[PDB]
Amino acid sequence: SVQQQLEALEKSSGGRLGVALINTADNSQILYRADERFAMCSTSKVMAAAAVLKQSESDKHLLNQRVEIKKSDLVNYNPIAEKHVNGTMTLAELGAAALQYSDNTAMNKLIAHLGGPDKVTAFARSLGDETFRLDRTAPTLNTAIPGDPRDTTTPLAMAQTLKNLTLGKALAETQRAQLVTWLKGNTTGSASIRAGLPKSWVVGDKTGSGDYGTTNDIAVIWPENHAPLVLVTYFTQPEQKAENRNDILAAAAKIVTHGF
């Protein structure tokens, strides 16, 4: 069974695997540890970018608002923001950089604009997600310590919220479409969920990786002849310096989208 395959994958992997797939053809689900908490790592950027998109529904000037980028804003990983030191980026450009390159400075400018991590949590709650919590800025939100509740969610809660955000009721249409455009243009996901799928399927995704070999991906998938699938694959390991394991996410994606 699919469940036996996921169990075996996890057993060989040397970690803890969390999967939630929602098949929007019939609202059926494939769940594996889907009610367990995992550190989101950079997959939490989706919620921060979406919270800014929600604000933009009522402020037609927001996405073009200039944000100053300073040398002191640079952190551990900021390939886009570092190009703009001494200049500005718009909030839209920060959304794009955060989502498509996983730029940590860009995430922090979104969080600061919103008024801190707790405001990102409040936005999740406004969408009916009782599980998501953002506690820290980047990059400390990626410490991913086993059993630490900070900066966590469950696979099922994140799959439900990602479905709502990208295909459902969370955002007004122009904002929904912008979020989907951003996710489809991600550059960091080739070896994760995408690698487990037919090459021709259209995918939007957001990765995350952190300590404890924590390796995550959240995706919306558009088959050629079928309704979309929403898939969350989270993975974490017992040792702090464990290597990240994108291949496990690809393997999980292949298992749960099989035959289909």
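One-based numbering along the sequence shown.
Higher average CA B factor: 194-202, of the stretches 194-202 and 43-51. In this entry, 28-36 shows the higher mean Cα temperature factor of the pair 28-36 and 220-228.
Taking only the listed residues 182, 101, 123, 77, the entry reports the highest CA temperature factor at 77.
The entry lists a Cα temperature factor for residue 163 that places it in the lowest third of the chain's modelled residues. Annotation for residue 144: CA B-factor lies in the lowest third of the chain's modelled residues. Remark: residue 87 belongs to the highest third of its chain, ranked by C-alpha B-factor as recorded. For residue 136, the recorded CA temperature factor ranks within the middle third of the chain's modelled residues. Residue 189: CA B factor in the middle third of modelled residues in this chain (values from the PDB entry).
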